[PDB]
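Worksheet: one structure, shown below.
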Amino acid sequence: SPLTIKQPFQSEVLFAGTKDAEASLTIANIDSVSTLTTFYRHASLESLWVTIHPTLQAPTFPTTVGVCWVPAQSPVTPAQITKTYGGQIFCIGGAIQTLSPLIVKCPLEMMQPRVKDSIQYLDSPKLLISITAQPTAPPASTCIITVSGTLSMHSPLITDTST
Amino acid sequence: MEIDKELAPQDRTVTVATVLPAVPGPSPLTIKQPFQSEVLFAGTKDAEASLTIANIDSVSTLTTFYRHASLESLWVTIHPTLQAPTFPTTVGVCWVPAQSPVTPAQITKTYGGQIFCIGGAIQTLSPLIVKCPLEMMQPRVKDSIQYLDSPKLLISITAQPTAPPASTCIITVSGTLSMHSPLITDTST
Amino acid sequence: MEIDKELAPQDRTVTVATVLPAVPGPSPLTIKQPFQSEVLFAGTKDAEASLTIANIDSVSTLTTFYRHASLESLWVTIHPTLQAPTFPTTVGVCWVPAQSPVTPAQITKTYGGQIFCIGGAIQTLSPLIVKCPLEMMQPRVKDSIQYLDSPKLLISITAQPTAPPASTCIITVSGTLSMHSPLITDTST
Amino acid sequence: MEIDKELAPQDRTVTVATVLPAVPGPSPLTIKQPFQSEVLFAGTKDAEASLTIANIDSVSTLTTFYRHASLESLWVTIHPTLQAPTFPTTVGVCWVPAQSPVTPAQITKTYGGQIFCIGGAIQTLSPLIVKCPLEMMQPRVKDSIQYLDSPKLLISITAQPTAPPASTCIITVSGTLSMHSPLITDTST
Amino acid sequence: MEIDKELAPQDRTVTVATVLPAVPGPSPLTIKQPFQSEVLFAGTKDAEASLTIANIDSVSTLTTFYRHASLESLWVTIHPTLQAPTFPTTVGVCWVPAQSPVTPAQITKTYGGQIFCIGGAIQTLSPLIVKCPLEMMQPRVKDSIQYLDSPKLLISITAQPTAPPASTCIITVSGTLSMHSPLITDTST
Amino acid sequence: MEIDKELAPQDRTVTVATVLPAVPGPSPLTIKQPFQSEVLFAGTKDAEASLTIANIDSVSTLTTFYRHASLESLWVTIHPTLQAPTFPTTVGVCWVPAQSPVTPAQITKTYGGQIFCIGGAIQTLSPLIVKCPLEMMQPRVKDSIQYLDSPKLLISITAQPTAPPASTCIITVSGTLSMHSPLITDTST
Amino acid sequence: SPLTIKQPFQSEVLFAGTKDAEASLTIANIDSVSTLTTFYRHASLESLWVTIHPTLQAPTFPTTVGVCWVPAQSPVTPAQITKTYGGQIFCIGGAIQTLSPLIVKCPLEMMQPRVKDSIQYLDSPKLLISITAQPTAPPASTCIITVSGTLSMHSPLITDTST
Amino acid sequence: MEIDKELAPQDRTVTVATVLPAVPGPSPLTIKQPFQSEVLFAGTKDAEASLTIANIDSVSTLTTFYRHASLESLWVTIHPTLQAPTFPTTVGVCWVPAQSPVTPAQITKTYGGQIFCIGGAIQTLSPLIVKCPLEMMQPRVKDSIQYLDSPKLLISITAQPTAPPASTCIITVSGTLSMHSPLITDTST
């Protein structure tokens, strides 16, 4: 009933390749998702996926990057991606891993898409990242990792629109 | 026959909250319990308040033995005092859901937000009432979970540079709670 | 054609009182007697009052010859005086059952309770009337039993620091008693 | 499928109480609030209790903000403990209106009065329940007046001459209160 | 029961604006967002303003993610402060299309234009509201084209020669935007 | 033909719980899994327990792969052992919402709460069952939100002063979970 | 509805004539009224009166005895009998005051006859006595004062009937 | 749900009693008064009793103010005590008209007569009730004439050779009298 709008978004979640790293972002808190839902009492994801953009360095420095979508309440960790259902490990900078649409869609049907409500949810989408770089590190990052999607929001939060 | 009461209603818009429905079964009985609590004794110095009605002592005290409780009605009343005529004082009021990050310092930047000159000129002494647009809030003040959008009152006082000897207006919050379902605890106290 | 009186009615809620049922028999003759008693001459100094209507002078002298007496109407009325335009006075008022343990210091913490800024030349000066929600009280001011919830008036006054030469407002309590069943006593006086 | 509960119902007769009816008007809403309170930890020594349910802490605690409250149901439960098997102990129970002058020392002289042997022989360990014949009492536990015939429990313990190391039975009083009509006091606590 | 707000509506006349027609296709999702922005803290010194609503802070930050935005309501409201009873301030107001070449110095020469004497203890002090006759403006505050007649607010203030210590009145602009068709940009912030 | 089980059902009262409503869509596949977990091996020493059913071993291991889990049945059952005829043990039991602040030391002060004298050769020795009045709890043992009123079990044991060589009774909690909506996690184990 | 019984009674309230005296008995508490309502939850007066029995001494020693019935809540005192409505002053031992049926009926319709209930009443019958004797006192009392009446009782009080 | 009471009803046979017929006239007001009197504290030594119900304490004190009194119900009830599980006691009981010349030593020679083994941990301990077959008695416990067949209770006790420290069972007689026609006597006490 309340009018709703949909706003798409792409936020940079992690620049990588220069050193081994792990990440566990609950996408309900990524910058854009936040700046977007600022003036709304309710926000939910319509679509959502992770994407890996390779760079110049990628070719010279192969990088192992694993991603895995999971309900925020899943106890699994980056160290356990290939043990988890969504789990996928790519070899960016590697033979068939230096191409932009290196996408991994998030199975929202497998989790809770509401990212903003009158109540706090336990199973919102959460992303797991696991970068393992070349021992002899690259000058710069071999790939930029971003999270994109669409929010369906409604019911204005009465705050300050000064900014 | 005039009423010594003045209304300064808040601008509204449509925002809805999410509320958990009870598991199907026999309906429990409900009682209503009215309440009035002091919020501030403003006037003597610039001040600001920011209270979440859900946590007001009366609301706590009243809902103690009930698992469920919602706000039937709720408003703020600015009561000018004897010091008010002589010490015009600015009072800012704005109802906002607990989840809105606004601060008293931002009343006039927030949609509903109001600024009142208590005392001073003609008509400035009657009690002001700003009813909370409960429709825009989330009334559930006690439930099986905790909601993030319960009503929250924002107050801001701007006192006269040469302060009055005493507060120029007492500020209270009044309303009615409707509650039910016994919290089965130890009732010895 | 305006009326020289203002009303500041008390927030109410439903709260019944029980009462000794009528004895079977023919209806007794009853009279009604209106009354107005001075309850306070305020303005010159902070002061509080806590009258139990059942015992105010008029109510008392009126009901001495009857065995039963009930209030049919009853209100408190604040009358500003010549000292009022010059000495604003805060006046708090609250009607509660005699059984409510509230003290005038707690008027702004009690549901009904309200406080007014009587006086100030910038202001109004019309007689203020706070009718007692008898529905919430126990109207029986005199019976064969002693009820715990007869109406009780809570008054509170905070005077100007540099007090007026005289009281800024006289406070009277008026109403009408419906009485019957003569009490045999001394009518010498 | 047996229930670990045993009943030892009190002899009755017909006695009625007098109860004040509410003044005609809108009916207030009512809520029920259940309760269980400890009455005695008998067994180690001869003892006797004599409590007026109207004054039990839970009953107080629960009816705090209500002007009216009655007992919907109410009973006593004798709970044998681990010491009971070995230390048979006599327990005397009798419900009586507050106005009856009987004393625990007179249970077996009072019509309803019962004597139970807790622990000892076969069948002596199940929890005993003596429901109060509220019909014979006056249930009003909080009203506009105070009644003289509210329920009153009488207990008498006769311990084994060579006392058990600990109490042989815990004695609690349980029931449900139905209350309504807000006492308009200060709810800050 | 009086409302704490006064209206001083602008003289109008019929003057239409044209507007980019809707593209054929399915109706787009649209939201509405209310807003209140501080436009001026006047009273301490003569000052004039000439806001183009299309660009005020809220309107701007609100419409950044949309490609189309139209005002559904929009008014200016003068809020007297504690410094107001003591420092009357002349405040001029006039709504005109952005295309009208009028300057605040010309408010009293422009049809709609009006000036008010905010403050003075002999006077009123209620929030003044001058709703913008959007019918006369071009409501489209953001589109695929740049209209020449979006609404523009003209403010003018002339302060007391011996200035008040602080501003006598805060001036805010509130309204509601109906927006749609997301503009792809950076949402980092 | 008698059944080897006894029941000591908990006093109940109506007290609903709210619960996250089902998302619109096709009904999800659900399974039900029964369970029995050891909760206590009592008898050898005074001891108390305060289990939150939501977290007992079985309930936990059973619900790890689901995102939603609700109790369909759930009861506690006291099993006397060979040490029981010889060492009577007091065992207190009380079901309360996780939100009730009661501690096992307060079982006899809590409405539902009951205590039994397990053991004694003069007594019975059949398995005692206290089914949890789930109607009073919040059955949702696992959801997208964390409810404050999931069922909580309060156990209390007071052993014979000269303790038995071994436990007099094993205490298990059995029930049936209805689960659905798989939680993606590690199934390695 | 509950079965009721009526029991009549006469209790000695005061022996007098040997010295000046005052008395204010609330008849709800006189001995017999008490022993009678012992086993009842409710008791009310059907009839009630005061009676003055003159004696041997009466003739030799005239005595002034005033009686007056009044609602227990009446503030009047014995000193104010002839000022009160019921009020009557006799001259026992005096010309037409040395005869047994020296009765003064109590106007129950003028007061509250319930003497025992679930609630405490404020206006039950109360008797006022005012004896003023001969300065040269009699050897013994000139008259015995008793209170008689009838109680209508019902609903058994469950106490001890041992006695 | 078992009741804590056992019955051992007396063998009966038809045996009418005649009785003074009602005087012609309007039916007299009658009340009924229940009663329970202690008849014996047995267990510590062999003892016999031979009560004529017409004269037991309660029956006596109850009927002093009436001229007619009839038993409407009347039974004897054996109450085991804490000394009972340990000291079995033989208790003989037999109801006979006052006119029957039987002595407690002859209970087992008298038709109705029965003897019970109260106590013994191997046994039961529930209150034993031997209702008097009033049909066989002459219920008129007080009349204008003295009947020869009012009910008479025969009790017999044979205690354990090594006597218990205290009585093993209290023996009370309860019933209800229907009385009428006041007997003029002294009510001083």
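Computed from the coordinates by the stated procedures, all read-outs in this text should not be read as laboratory data. So basically every Cβ, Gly included, is an ideal-geometry build from the backbone, and we count neighbours across all protein chains shown.
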Taking the range G:1-35 and the residues there that are over 16 Å from residue G:50 (Cα atoms) and outside any loop (DSSP other than H, G, I, E, B), the one that is farthest from the chain's Cα centre (by Cα) would be G:4
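In the range H:158-189, how many are of a type in the set (S, T, N, Q), within 18 Å of residue G:148 (Cα to Cα) and touching a strand residue (DSSP E or B) at 6+ places or on another chain (Cβ under 9 Å)? Break it down into steps so the answer makes sense when it comes.
Taking the range H:158-189 and keeping what is of a type in the set (S, T, N, Q), we get H:158, H:160, H:162, H:167-168, H:172, H:174, H:176, H:178, H:181, H:185, H:187-189.
Within this subset, residues satisfying the condition of being within 18 Å of residue G:148 (Cα to Cα) are H:185, H:187-189.
After this cut, where a residue has to be touching a strand residue (DSSP E or B) at 6+ places or on another chain (Cβ under 9 Å) as well, the list is H:187-188.
Number of matching residues: 2.
Is it fair to say residue G:126 is within 22 Å of residue H:182 (Cβ to Cβ) and in contact (Cβ under 8 Å) with a residue 24 or more places away in the chain?
Working: within 22 Å of residue H:182 (Cβ to Cβ): no; in contact (Cβ under 8 Å) with a residue 24 or more places away in the chain: yes.
For residue G:126, the condition - within 22 Å of residue H:182 (Cβ to Cβ) and in contact (Cβ under 8 Å) with a residue 24 or more places away in the chain - is not met.
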Given the conditions (1) more than 14 Å from chain A (Cβ to nearest Cβ); (2) surrounded by 21 or more Cβ atoms within 10 Å (Cβ to Cβ), every one holds for residue E:179 apart from (1)
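Mind listing whichever residues of the range C:158-186 are in a strand (DSSP E or B) and touching a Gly at 6+ places or on another chain (Cβ under 7 Å)? Before you say what the answer is, go through the steps one by one.
Pass one, the range C:158-186, residues in a strand (DSSP E or B): C:158, C:169-182, C:186.
The answer is C:169, and nothing else.
How many residues does the range A:50-66 hold that are touching a helix residue (DSSP H, G or I) at 6+ places or on another chain (Cβ under 7 Å) and either among the aliphatic types (A, V, I, L, M) or surrounded by fewer than 20 Cβ atoms within 10 Å (Cβ to Cβ) (or both)?
Within the range A:50-66, the subset touching a helix residue (DSSP H, G or I) at 6+ places or on another chain (Cβ under 7 Å) is A:66.
Then drop every residue that is not either among the aliphatic types (A, V, I, L, M) or surrounded by fewer than 20 Cβ atoms within 10 Å (Cβ to Cβ) (or both), which leaves none.
Result for the range A:50-66: 0.
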Over the range A:70-80, the set of residues touching a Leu at 6+ places or on another chain (Cβ under 6 Å) and within 23 Å of residue A:141 (Cα to Cα) is A:78
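Does residue D:184 qualify as being more than 30 Å from residue H:79 (Cα to Cα), buried (at least 24 other Cβ atoms within 10 Å of the Cβ) and of a type outside the set (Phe, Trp, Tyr)?
Details: more than 30 Å from residue H:79 (Cα to Cα): yes; buried (at least 24 other Cβ atoms within 10 Å of the Cβ): yes; of a type outside the set (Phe, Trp, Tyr): yes.
Yes; evaluated as a whole, the condition is true for this residue.
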Sole miss for residue B:189 among (1) away from chain E (no Cβ under 13 Å); (2) of a type in the set (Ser, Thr, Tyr); (3) without any contact (Cβ under 8 Å) to a residue 60 or more places away in the chain; (4) not in a loop (DSSP other than H, G, I, E, B) is condition (4)
Screening F:107, F:155 for residues that are hydrophobic (A, V, I, L, M, F, W, C), buried (at least 22 other Cβ atoms within 10 Å of the Cβ) and away from chain D (no Cβ under 11 Å) leaves only F:155
Apart from one, (1) more than 14 Å from chain C (Cβ to nearest Cβ); (2) in a strand (DSSP E or B) all hold for residue B:18; the odd one out is (2)
Considering the range B:84-103, residues that are more than 7 Å from every other protein chain (Cβ to nearest Cβ) and touching a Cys at 6+ places or on another chain (Cβ under 8 Å), and then whichever is farthest from residue C:160 (Cα to Cα), we arrive at B:95
Is it the case that residue F:148 is part of a strand (DSSP E or B) and either touching a residue at least 40 places away in the same chain (Cβ under 8 Å) or closer than 30 Å to residue A:87 by Cα (or both)?
no
Exception for residue G:82 within (1) of a type outside the set (A, V, I, L, M); (2) in contact with a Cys (Cβ under 9 Å, 6 or more places away or on another chain); (3) surrounded by 15 or more Cβ atoms within 10 Å (Cβ to Cβ) falls at (3)
- prompt: Somewhere in the range D:77-88, is a residue surrounded by fewer than 24 Cβ atoms within 10 Å (Cβ to Cβ), within 28 Å of residue H:176 (Cα to Cα) and of a type outside the set (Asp, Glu)?
  reply: yes
Just to be sure, is residue B:141 aliphatic (A, V, I, L, M), under 27 Å from residue E:38 (Cα atoms) and buried (at least 23 other Cβ atoms within 10 Å of the Cβ)? no
Within the range B:21-58, restricting to residues that are surrounded by 20 or more Cβ atoms within 10 Å (Cβ to Cβ) and not in a strand (DSSP E or B), the one that is nearest to the other protein chains (Cβ to nearest Cβ) is B:58
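Which members of the range F:88-98 meet the condition of being more than 17 Å from the chain's Cα centre (by Cα) and not in a strand (DSSP E or B)? Even if it seems obvious, please write down each step before you answer.
Quick first cut of the range F:88-98, residues more than 17 Å from the chain's Cα centre (by Cα) only: F:88-90.
Within the range F:88-98, F:88 is the sole residue that qualifies.
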Considering the range E:59-72, residues that are of a type in the set (S, T, N, Q) and touching a strand residue (DSSP E or B) at 6+ places or on another chain (Cβ under 6 Å), and then whichever is nearest to the other protein chains (Cβ to nearest Cβ), we arrive at E:63
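Can you report the number of residues in the range E:3-14 which are part of a loop (DSSP other than H, G, I, E, B) and either over 19 Å from the mean Cα position of the chain (by Cα) or closer than 30 Å to residue B:91 by Cα (or both)?
Number of matching residues: 6.
Collect the residues in the range B:59-82 that are polar (S, T, N, Q), within 30 Å of residue B:183 (Cα to Cα) and part of a strand (DSSP E or B), keeping them in residue-number order.
Pass one, the range B:59-82, residues polar (S, T, N, Q): B:60-61, B:63-64, B:70, B:73, B:77, B:81.
Restricting the remaining residues to those that are within 30 Å of residue B:183 (Cα to Cα) gives B:60-61, B:63-64, B:70, B:73.
Residues satisfying the conditions are B:70, B:73.
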Out of (1) surrounded by 22 or more Cβ atoms within 10 Å (Cβ to Cβ); (2) of a type in the set (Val, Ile, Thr); (3) within 12 Å of chain B (Cβ to nearest Cβ), the one residue C:173 does not meet is (3)
Of D:85, D:101, the only residue that is without any contact (Cβ under 8 Å) to a residue 24 or more places away in the chain and in a loop (DSSP other than H, G, I, E, B) is D:101
Heads up, the strands (runs of 3 or more DSSP E) in the range A:53-163 (entirely inside) with at least 2 residues that are closer than 30 Å to residue F:66 by Cα and more than 14 Å from chain B (Cβ to nearest Cβ) are A:63-71, A:88-92, A:103-105, A:125-132, A:143-156
Within the range D:114-136, of all residues that are more than 9 Å from chain H (Cβ to nearest Cβ), in a loop (DSSP other than H, G, I, E, B) and surrounded by 23 or more Cβ atoms within 10 Å (Cβ to Cβ), the one nearest to the chain's Cα centre (by Cα) is D:132
